[PDB]
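Enquirer: Just passing along the structure, written as structure tokens.
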There are 12 protein chains.
Amino acid sequence: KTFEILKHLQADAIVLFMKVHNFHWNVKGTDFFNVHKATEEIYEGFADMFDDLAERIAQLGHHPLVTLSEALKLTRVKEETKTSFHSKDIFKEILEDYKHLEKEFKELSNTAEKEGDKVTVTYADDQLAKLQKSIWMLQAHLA
Amino acid sequence: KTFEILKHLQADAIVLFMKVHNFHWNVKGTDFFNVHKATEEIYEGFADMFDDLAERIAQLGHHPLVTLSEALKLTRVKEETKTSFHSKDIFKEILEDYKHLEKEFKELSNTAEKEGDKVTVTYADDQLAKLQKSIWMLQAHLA
Amino acid sequence: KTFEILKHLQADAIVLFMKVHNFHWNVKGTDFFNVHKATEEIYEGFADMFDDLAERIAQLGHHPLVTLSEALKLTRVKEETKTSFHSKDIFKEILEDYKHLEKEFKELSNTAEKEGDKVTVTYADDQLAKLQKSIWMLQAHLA
Amino acid sequence: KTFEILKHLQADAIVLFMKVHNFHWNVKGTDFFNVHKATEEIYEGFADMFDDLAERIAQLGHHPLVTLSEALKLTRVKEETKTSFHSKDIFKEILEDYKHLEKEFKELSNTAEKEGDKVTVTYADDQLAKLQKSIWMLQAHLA
Amino acid sequence: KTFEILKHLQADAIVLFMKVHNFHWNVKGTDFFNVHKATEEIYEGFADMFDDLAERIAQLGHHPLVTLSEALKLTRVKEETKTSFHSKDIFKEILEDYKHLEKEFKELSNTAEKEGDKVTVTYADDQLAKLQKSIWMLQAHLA
Amino acid sequence: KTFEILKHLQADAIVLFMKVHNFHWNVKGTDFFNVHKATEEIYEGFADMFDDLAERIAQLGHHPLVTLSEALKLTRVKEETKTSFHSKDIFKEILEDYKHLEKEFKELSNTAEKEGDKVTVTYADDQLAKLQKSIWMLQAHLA
Amino acid sequence: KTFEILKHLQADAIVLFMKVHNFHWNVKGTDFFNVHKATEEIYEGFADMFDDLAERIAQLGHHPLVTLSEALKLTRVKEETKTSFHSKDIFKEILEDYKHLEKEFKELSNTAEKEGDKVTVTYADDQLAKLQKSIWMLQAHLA
Amino acid sequence: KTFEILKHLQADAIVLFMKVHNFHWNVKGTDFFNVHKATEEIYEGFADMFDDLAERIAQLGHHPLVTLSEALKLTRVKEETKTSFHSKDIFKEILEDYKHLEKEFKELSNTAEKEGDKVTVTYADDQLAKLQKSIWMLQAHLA
Amino acid sequence: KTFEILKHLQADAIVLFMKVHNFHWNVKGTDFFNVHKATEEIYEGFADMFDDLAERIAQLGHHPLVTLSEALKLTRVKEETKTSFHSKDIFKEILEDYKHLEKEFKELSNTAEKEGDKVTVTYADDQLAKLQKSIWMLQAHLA
Amino acid sequence: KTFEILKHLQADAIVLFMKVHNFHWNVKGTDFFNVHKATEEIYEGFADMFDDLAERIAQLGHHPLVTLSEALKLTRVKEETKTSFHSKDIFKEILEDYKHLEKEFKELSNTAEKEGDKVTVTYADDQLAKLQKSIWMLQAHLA
Amino acid sequence: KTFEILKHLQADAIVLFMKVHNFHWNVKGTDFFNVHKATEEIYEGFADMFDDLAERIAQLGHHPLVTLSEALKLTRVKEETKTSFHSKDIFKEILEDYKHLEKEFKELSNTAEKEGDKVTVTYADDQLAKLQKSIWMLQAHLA
Amino acid sequence: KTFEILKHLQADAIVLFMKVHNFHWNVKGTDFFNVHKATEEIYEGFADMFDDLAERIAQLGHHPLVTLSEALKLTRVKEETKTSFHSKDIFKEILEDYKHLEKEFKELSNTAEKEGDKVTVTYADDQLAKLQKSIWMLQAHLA
Ligand SMILES: [Zn+2]
Ligand SMILES: [Zn+2]
Ligand SMILES: [Zn+2]
Ligand SMILES: [Zn+2]
Ligand SMILES: [Zn+2]
Ligand SMILES: [Zn+2]
Ligand SMILES: [Zn+2]
Ligand SMILES: [Zn+2]
Ligand SMILES: [Zn+2]
Ligand SMILES: [Zn+2]
Ligand SMILES: [Zn+2]
Ligand SMILES: [Zn+2]
Ligand SMILES: [Zn+2]
Ligand SMILES: [Zn+2]
Ligand SMILES: [Zn+2]
Ligand SMILES: [Zn+2]
Ligand SMILES: [Zn+2]
Ligand SMILES: [Zn+2]
Ligand SMILES: [Zn+2]
Ligand SMILES: [Zn+2]
Ligand SMILES: [Zn+2]
Ligand SMILES: [Zn+2]
Ligand SMILES: [Zn+2]
Ligand SMILES: [Zn+2]
Ligand SMILES: [Zn+2]
Ligand SMILES: [Zn+2]
Ligand SMILES: [Zn+2]
Ligand SMILES: [Zn+2]
Ligand SMILES: [Zn+2]
Ligand SMILES: [Zn+2]
Ligand SMILES: [Zn+2]
Ligand SMILES: [Zn+2]
Ligand SMILES: [Zn+2]
Ligand SMILES: [Zn+2]
Ligand SMILES: [Zn+2]
Ligand SMILES: [Zn+2]
Ligand SMILES: [Zn+2]
Ligand SMILES: [Zn+2]
Ligand SMILES: [Zn+2]
Ligand SMILES: [Zn+2]
Ligand SMILES: [Zn+2]
Ligand SMILES: [Zn+2]
Ligand SMILES: [Zn+2]
Ligand SMILES: [Zn+2]
Ligand SMILES: [Zn+2]
Ligand SMILES: [Zn+2]
Ligand SMILES: [Zn+2]
Ligand SMILES: [Zn+2]
Ligand SMILES: [Zn+2]
Ligand SMILES: [Zn+2]
Ligand SMILES: [Zn+2]
Ligand SMILES: [Zn+2]
Ligand SMILES: [Zn+2]
Ligand SMILES: [Zn+2]
Ligand SMILES: [Zn+2]
Ligand SMILES: [Zn+2]
Ligand SMILES: [Zn+2]
Ligand SMILES: [Zn+2]
Ligand SMILES: [Zn+2]
Ligand SMILES: [Zn+2]
Ligand SMILES: [Zn+2]
Ligand SMILES: [Zn+2]
Ligand SMILES: [Zn+2]
Ligand SMILES: [Zn+2]
Ligand SMILES: [Zn+2]
Ligand SMILES: [Zn+2]
Ligand SMILES: [Zn+2]
Ligand SMILES: [Zn+2]
Ligand SMILES: [Zn+2]
Ligand SMILES: [Zn+2]
Ligand SMILES: [Zn+2]
Ligand SMILES: [Zn+2]
Ligand SMILES: [Zn+2]
Ligand SMILES: [Zn+2]
Ligand SMILES: [Zn+2]
Ligand SMILES: [Zn+2]
């Protein structure tokens, strides 16, 4: 179900909002400003994704999740308890989670096509476009 | 300890970030736009508070919390599982949590004065100023 | 035919442009500013929809409609002759007409997919996205 | 009566809003961009005139017209059913309708002076100023 | 005399500047933000009216009033000592005072026409335009 | 005749454009910046007045003047051949020429009322408003 | 009591709002623009101070003053009935009243520290900062 | 293959970037400014298309082309060696090349649907939308 | 002498300021807007050139000209008494006068190099750059 | 000949436009964003240089080059076929090509001085200024 | 004494203004842009600190220092004569000097509390806030 | 040598940066704001001149000066130890130092022409242009 994948993704969005703030505060190295500013852009993107997924859920006549509790329960994103990083470790982690979201947005898109929910398709394909652009850029950082 | 109160408040900030999004999505009544836009301003404020508290913690040589897990563990904010509200219920809840943050920022301020951490004082008094302005406005909504 | 639905929708757009101005001028109640400003945003949206539908028609090698006469002839939107409203009546009427446009944009989208007119699809799905967001918000006003 | 002329003019404004969109979509010749952009400015002006006339009517304790139906009934503007133009034909038509509005705004102004409605006078003289500037520019196009 | 009415109006402007701040601080109800922001726009308008009337007086070779003392002495506006309101009470009061200013600006306009002071006429008619727009909007709030 | 006064004023506008540039370049004293910047605002105003008067003339079916030659022939403004000033001398000269334009705009306004040219009236009264504001400010400089 | 000093200062703010407008309209000399613009900045500052003091009072659970009447009753600011000034006289008067506000903001700050009202302290110290900057600048004008 | 069509289009984009600059520099006639500015907008669009196609190629794990050499080798766009034009000749040429890109973007879109590359579809349909709008406008210039 | 050429050019600048306004008001044809706006840019350029030449003269210890009288006396620009034009006639005239200014700025530049006035050289070469760009564009209009 | 060097440089500009896009897409390493953004600024500079050189050529009565074909024929810039880089390799390549352009702009400048083409001199010296600033910055990257 | 510490800090501010420009010009490595831009932000901050400290001194009735001579005499900042750096060396040096300013601003703050100079306290605590944020960021660069 | 004069001028720039701040803080008289703001513009100009001269030095393969120490050693600018001024004294001092910089920029320009350093010439002539404009304005203040 479309709204089930939406909920799952909403859960990842708020979890990544937090995870990315970790990287924002705890990066080390002459790389600090760039990663500090870039992580800020990343978590702000995730705050919007969170809101947008929730609002698609509501639009669709269902209930978005409303507690951090359900988010942790529905997410497939590993929270990061460590508190120190080189930029390369941050990019590897973010890349991993991006590849996860990419897979899921594809699923979201495929599922919504099947159920004749075209709006959810164009939302999912728009997010895929962004994820694939970032995936490429992150791959290029790490190469 | 100053950094202990900071951590506690950081936990409330991310919890209220979520709680306020609930109110953002699930308000009902001819009041919808105003509460939808106002809650958006409120949660954006909480996103900044979260970041700022975390960054004061780091500055002070300690570790801010880095998971939703610790946040739920350290918060004194009740998450809201209900998914429908009149504006009056939203304002009552927000008011309650504001009164909670007000008390704690006072504590933060008092404690930091004692430990000779003046920066943390001016941060705490700046946040008090905002909380007391909102507390007054919310009291005026409900009267 | 794609261009036939386009024409129909173009007719509704100019009719709603007028209808919404009625609500803009004739709302009553302590609700006045909010509804006055919101209706202004709504009719400005409809002015753009009108222009865009007409311009898709032209692009497609056909003729958009060019008189209020044809608009009244092609529309399924009831004009509103009454000249006084509470905000709730305005929202109910706007909701009704929105549900009408939603149905038709779905048709437009489905029909254009069939005829291999992909541009018209992405236009129709973009408008659906907006209509479904407003439909949800209006449902929330009225609940 | 002042409000009677206001209503008449309100009817012309919405009719010209449509008529001018015709010219916007259906101009032909190496003149296309200039006329396309200029007609867009013209119809946006007419959308404001429409709103302003309606709002003067309301202010004056009367009811502006609220349907395209009454507009077609009250207008002295010929709708244009043709769907192809050279720029010269567009300017001739617009000039004609401008000369019509000029005459009527003079009447509006004279009538409002008589009835001691000074606000309506300053509104009418402001619109005359604009019409006479455009009339001159259009005469210069055609010369 | 033109300058006598100017002085009277200048006195009302500063008195309403204060009166409107009362409403700004002391409104109660789920209406709070809207009335708080709208009253702020209203008193800022009155601050400009005050300055403009004073400056017309100076231009005309006379002396505007320069103390709150003369203002209270020359005003026909009742100061409001009460410190709590519903929005409806605020709108009724503002409406009353608006109707008062409307009457006086008409007088100002008529008197200035007689004395051949055309500048003061166009100033008075510009203010009438604004007062009549607000009077209509306030009537619509209360209906 | 309205257009005759317009032409006369157009001639003064271009003459004052030049005269004011003299003051702009040739002021002396610790007053230099203020007078340099203020004269720049003054001549830019005169450049617009020039254009606007010319364009009213054209609108009215007549020909504005098109050479400096006719301007010098039609102006009642004394050109200034001297090349050094204290600010007080500049203000006295500008004041004189302002009083001249004020008189003429009154004439323009009166004459246009008589001939039923309302647009030219509202133009003349708008310029009077500006001239009387500047006249007051200049009187205040010199007092 | 903190709120008692707040009220007193609120009274001075509205009185200085008026007093400063006097100086704004009635300054004489080649100094006119600078003093006209500077007084405009000064009274706009006082309008904000007025609003802010009133709003601190409300926040604190008390009632700000709501009439010009109480303002004149609570102020220690002498109103200025004279209607003509050299810039030096304006600066001397403003300086005097500034020194008065400086003393009182110190009192406000000291008193609020005692009562544990930290928000009011940071407000009072912020205003002191501004007053001491202006006091220095005004002393420099007069030296 | 999707990436093969992308590469082809990337080649056309840089070739049209140049071709359009030819028209930019070498248009003749009283049409000069309009065509000079419009061609500037057109080539800036092509510079972005070039970059975007290249970046989609990279995202997709392939290599965009990196020399003018490959571009000339992969393009189906005829370079223009002539150095003088009337606007009509420029529009005919641009129209031709647009019709070419339209065909190819359709192919791109169809092919990407087949291979399950949804991002490339939404990119191709977005570009089609723009090409069909320009095709219509250019047809209207030439009619 | 450098300052002699400066004065000559200053005279042409104010004469062209007027001449170009003629073209601004009196162009005829479907070309009207473009020429109306372009002439406005041209005369605004000439107003700046005028001011800049005058200010270079002053800088150099000499006196710029301060009357329209000297301008007409020092200019080699023919004033235009005719009051109706096709765009082609306007461009031919402007081109002629441009070729004149180009020649003179070359002279200015050469002369200033000789006298070791480098500032005047860089001013003259900057103006040449602009004149040669416009000369090319005007040649392209007329071809 | 001046125009011969201009043409040569125009050829390098479009070749570097492409070459720099290579570096834009194909940089690898934790350096990615900085080099991605900086290369974007560099190629945008080259797009302007290209246009400006072409337009100087036209101004000078000659024909700029109008095909990628002539560009490859006239350039002394080696195209880069490789598709992967560390930032250091990108900077070395860009530095090399910069040193090439620097030499040529000197030649351009010297040659134009000889032929009395001062405009082309000030253009060449302006570009030298930029090239020498970038050369220094690039040397500093590599040191 | 408060003003003695102010003077000392003023001396460091201008010395660091220079020192930081050294780092701005003489950094080496693929780090160049980031350090070049960041040092520019740092020295601009120091220019403001310098001005603000000087202006607090003046406000307090004392004399800020007015020569580079006294600055070198009063500073505890070592000037840097070396002319080449890796970014790590720049950050270590800046960190050292920051730790120095932090200590001194604490002293300033403590001393001003003692002397009842609250304005100087809030200034000192504001600067501490900034220094501690930068100290943390610099520590993070170097870790 | 070009770089020797550059260094000398760099030394004056930082010395004048300080000297001008003296005038900024210590001007007395009803002239205070104007001189306070103007000196702020002047020292900000000198901060840029300083940076630009240093960066030309680096570009040229030499080392700009990096301590206040060398600046005081290389400058021909007298530092000002006095701490109180009338505006006339400030303008006389600034004028003197300007005349000094003018002479030196001429030398810089002449020397750079000789050594074939054209970039340094265009930099020197640009600064001369500014110095001669300010010299004229300052002469006009003092006359
Ligand atoms: Zn941060
Ligand atoms: Zn951001
Ligand atoms: Zn939302
Ligand atoms: Zn997931
Ligand atoms: Zn750690
Ligand atoms: Zn490490
Ligand atoms: Zn929303
Ligand atoms: Zn927001
Ligand atoms: Zn942060
Ligand atoms: Zn808590
Ligand atoms: Zn529900
Ligand atoms: Zn309910
Ligand atoms: Zn309205
Ligand atoms: Zn709007
Ligand atoms: Zn359109
Ligand atoms: Zn329909
Ligand atoms: Zn009714
Ligand atoms: Zn009702
Ligand atoms: Zn889309
Ligand atoms: Zn369009
Ligand atoms: Zn528009
Ligand atoms: Zn409206
Ligand atoms: Zn009519
Ligand atoms: Zn047709
Ligand atoms: Zn035709
Ligand atoms: Zn008016
Ligand atoms: Zn407020
Ligand atoms: Zn406001
Ligand atoms: Zn004022
Ligand atoms: Zn009254
Ligand atoms: Zn109460
Ligand atoms: Zn109640
Ligand atoms: Zn100037
Ligand atoms: Zn200006
Ligand atoms: Zn004009
Ligand atoms: Zn006259
Ligand atoms: Zn002289
Ligand atoms: Zn004198
Ligand atoms: Zn004013
Ligand atoms: Zn202001
Ligand atoms: Zn307020
Ligand atoms: Zn007091
Ligand atoms: Zn008097
Ligand atoms: Zn006096
Ligand atoms: Zn161009
Ligand atoms: Zn552009
Ligand atoms: Zn790119
Ligand atoms: Zn192709
Ligand atoms: Zn040719
Ligand atoms: Zn031809
Ligand atoms: Zn115009
Ligand atoms: Zn313009
Ligand atoms: Zn000037
Ligand atoms: Zn000449
Ligand atoms: Zn004629
Ligand atoms: Zn003709
Ligand atoms: Zn990119
Ligand atoms: Zn860019
Ligand atoms: Zn171009
Ligand atoms: Zn080359
Ligand atoms: Zn590869
Ligand atoms: Zn590698
Ligand atoms: Zn730099
Ligand atoms: Zn900066
Ligand atoms: Zn300062
Ligand atoms: Zn120190
Ligand atoms: Zn070295
Ligand atoms: Zn190294
Ligand atoms: Zn603070
Ligand atoms: Zn200052
Ligand atoms: Zn500044
Ligand atoms: Zn720099
Ligand atoms: Zn020197
Ligand atoms: Zn002293
Ligand atoms: Zn003195
Ligand atoms: Zn230059």
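By order in the structure tokens, chains are A, B, ...; within a chain, residues start at 1; ligands start at 1, following the order shown.
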After a least-squares superposition on chain A over all sequentially paired C-alpha atoms, what is chain K as a CSV table (one decimal) with C-alpha atoms, in the first residue's frame?
Expert:
```csv
chain,number,residue,atom,x,y,z
K,1,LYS,CA,0.0,0.0,0.0
K,2,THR,CA,1.1,3.5,-1.0
K,3,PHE,CA,0.4,5.0,2.4
K,4,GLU,CA,2.3,2.3,4.2
K,5,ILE,CA,5.5,3.1,2.2
K,6,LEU,CA,4.9,6.8,2.8
K,7,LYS,CA,4.7,6.2,6.6
K,8,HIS,CA,7.9,4.1,6.4
K,9,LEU,CA,9.7,6.9,4.6
K,10,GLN,CA,8.3,9.5,6.9
K,11,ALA,CA,9.9,7.5,9.7
K,12,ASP,CA,13.3,7.5,8.0
K,13,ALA,CA,13.1,11.2,7.3
K,14,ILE,CA,12.9,12.2,11.0
K,15,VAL,CA,15.5,9.6,11.9
K,16,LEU,CA,17.9,11.0,9.3
K,17,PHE,CA,17.1,14.6,10.4
K,18,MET,CA,18.7,13.5,13.7
K,19,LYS,CA,21.4,11.3,12.3
K,20,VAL,CA,22.6,14.1,10.0
K,21,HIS,CA,22.7,16.6,12.9
K,22,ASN,CA,25.1,14.2,14.6
K,23,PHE,CA,27.4,14.5,11.6
K,24,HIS,CA,26.8,18.3,11.6
K,25,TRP,CA,28.1,18.6,15.2
K,26,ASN,CA,30.8,15.9,15.4
K,27,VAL,CA,32.8,16.0,12.1
K,28,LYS,CA,36.6,16.5,12.7
K,29,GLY,CA,39.3,17.6,10.3
K,30,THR,CA,40.3,20.6,8.1
K,31,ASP,CA,37.1,19.6,6.3
K,32,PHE,CA,34.9,21.1,9.1
K,33,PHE,CA,33.1,24.1,7.5
K,34,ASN,CA,32.2,22.4,4.3
K,35,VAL,CA,30.7,19.3,6.0
K,36,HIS,CA,29.1,21.5,8.7
K,37,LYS,CA,27.3,23.6,6.0
K,38,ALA,CA,26.5,20.6,3.7
K,39,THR,CA,25.0,18.6,6.6
K,40,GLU,CA,22.9,21.6,7.5
K,41,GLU,CA,21.5,21.7,3.9
K,42,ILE,CA,20.9,17.9,4.1
K,43,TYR,CA,19.0,18.0,7.4
K,44,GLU,CA,16.9,20.9,6.2
K,45,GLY,CA,16.0,18.8,3.1
K,46,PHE,CA,15.0,16.0,5.4
K,47,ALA,CA,12.8,18.3,7.5
K,48,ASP,CA,10.9,19.2,4.4
K,49,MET,CA,10.7,15.5,3.2
K,50,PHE,CA,9.3,14.6,6.6
K,51,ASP,CA,6.6,17.3,6.4
K,52,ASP,CA,5.7,16.5,2.8
K,53,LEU,CA,5.4,12.8,3.3
K,54,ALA,CA,3.2,13.4,6.4
K,55,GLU,CA,1.1,15.8,4.4
K,56,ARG,CA,0.7,13.3,1.4
K,57,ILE,CA,-0.4,10.7,4.0
K,58,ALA,CA,-3.1,13.1,5.4
K,59,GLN,CA,-4.2,14.0,1.9
K,60,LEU,CA,-4.7,10.4,1.1
K,61,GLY,CA,-7.2,10.1,4.0
K,62,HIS,CA,-4.8,8.4,6.4
K,63,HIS,CA,-2.8,9.4,9.5
K,64,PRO,CA,0.9,10.3,9.3
K,65,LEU,CA,2.9,9.2,12.3
K,66,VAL,CA,3.0,11.7,15.2
K,67,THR,CA,5.6,10.5,17.6
K,68,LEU,CA,9.4,9.8,17.5
K,69,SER,CA,8.3,6.5,19.1
K,70,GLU,CA,6.5,5.3,15.9
K,71,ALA,CA,9.4,6.7,13.8
K,72,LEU,CA,11.9,4.5,15.6
K,73,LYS,CA,9.5,1.7,15.3
K,74,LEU,CA,8.9,2.1,11.5
K,75,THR,CA,12.4,3.1,10.3
K,76,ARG,CA,15.0,0.9,8.7
K,77,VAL,CA,17.6,3.6,9.5
K,78,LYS,CA,20.2,2.7,12.0
K,79,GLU,CA,20.7,5.5,14.5
K,80,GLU,CA,24.4,6.5,15.1
K,81,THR,CA,25.5,6.6,18.7
K,82,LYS,CA,29.2,7.4,17.9
K,83,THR,CA,30.2,11.0,18.4
K,84,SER,CA,33.3,11.7,16.2
K,85,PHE,CA,33.9,11.3,12.5
K,86,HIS,CA,36.2,12.1,9.6
K,87,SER,CA,34.3,13.4,6.6
K,88,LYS,CA,34.8,10.1,4.7
K,89,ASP,CA,32.9,8.2,7.4
K,90,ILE,CA,30.0,10.7,7.2
K,91,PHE,CA,29.8,10.4,3.4
K,92,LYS,CA,29.8,6.6,3.6
K,93,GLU,CA,27.0,6.6,6.1
K,94,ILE,CA,24.9,9.2,4.3
K,95,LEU,CA,25.5,7.2,1.0
K,96,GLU,CA,24.3,4.0,2.6
K,97,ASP,CA,21.1,5.6,3.8
K,98,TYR,CA,20.6,7.4,0.5
K,99,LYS,CA,20.8,4.0,-1.3
K,100,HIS,CA,18.2,2.8,1.1
K,101,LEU,CA,15.8,5.8,0.4
K,102,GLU,CA,16.4,5.4,-3.4
K,103,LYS,CA,15.3,1.7,-3.3
K,104,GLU,CA,12.2,2.7,-1.3
K,105,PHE,CA,11.2,5.7,-3.5
K,106,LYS,CA,11.3,3.3,-6.5
K,107,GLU,CA,9.0,0.9,-4.6
K,108,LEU,CA,6.8,3.9,-3.7
K,109,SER,CA,6.7,5.0,-7.3
K,110,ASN,CA,6.0,1.5,-8.7
K,111,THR,CA,3.3,0.8,-6.1
K,112,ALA,CA,1.5,4.2,-6.7
K,113,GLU,CA,1.5,3.6,-10.5
K,114,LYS,CA,-0.3,0.2,-9.8
K,115,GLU,CA,-2.9,1.8,-7.5
K,116,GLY,CA,-3.5,4.7,-10.0
K,117,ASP,CA,-2.2,7.3,-7.5
K,118,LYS,CA,-0.4,9.6,-10.0
K,119,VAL,CA,0.3,12.4,-7.6
K,120,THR,CA,2.2,10.1,-5.3
K,121,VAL,CA,4.2,9.0,-8.4
K,122,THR,CA,5.3,12.4,-9.4
K,123,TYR,CA,6.2,13.1,-5.8
K,124,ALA,CA,8.3,9.8,-5.7
K,125,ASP,CA,10.0,10.5,-9.0
K,126,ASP,CA,10.9,14.1,-8.0
K,127,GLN,CA,12.5,12.7,-4.8
K,128,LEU,CA,14.3,10.0,-6.8
K,129,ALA,CA,15.8,12.7,-9.0
K,130,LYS,CA,17.3,14.4,-6.0
K,131,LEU,CA,18.5,11.2,-4.4
K,132,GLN,CA,20.2,10.0,-7.5
K,133,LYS,CA,21.9,13.4,-7.9
K,134,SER,CA,23.2,13.2,-4.3
K,135,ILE,CA,24.2,9.5,-4.7
K,136,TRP,CA,26.3,10.5,-7.7
K,137,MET,CA,27.9,13.4,-5.8
K,138,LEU,CA,28.6,11.3,-2.7
K,139,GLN,CA,30.1,8.5,-4.9
K,140,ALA,CA,32.3,11.1,-6.4
K,141,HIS,CA,33.5,12.4,-2.9
K,142,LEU,CA,34.4,8.8,-1.9
K,143,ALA,CA,36.1,7.8,-5.2
```
Enquirer: May I have all residues of range 2-89 of chain K that DSSP, computed from the backbone, assigns to alpha helix (DSSP H), given as number ranges by chain?
Expert: K: 2-26, 32-59, 68-74, 87-89
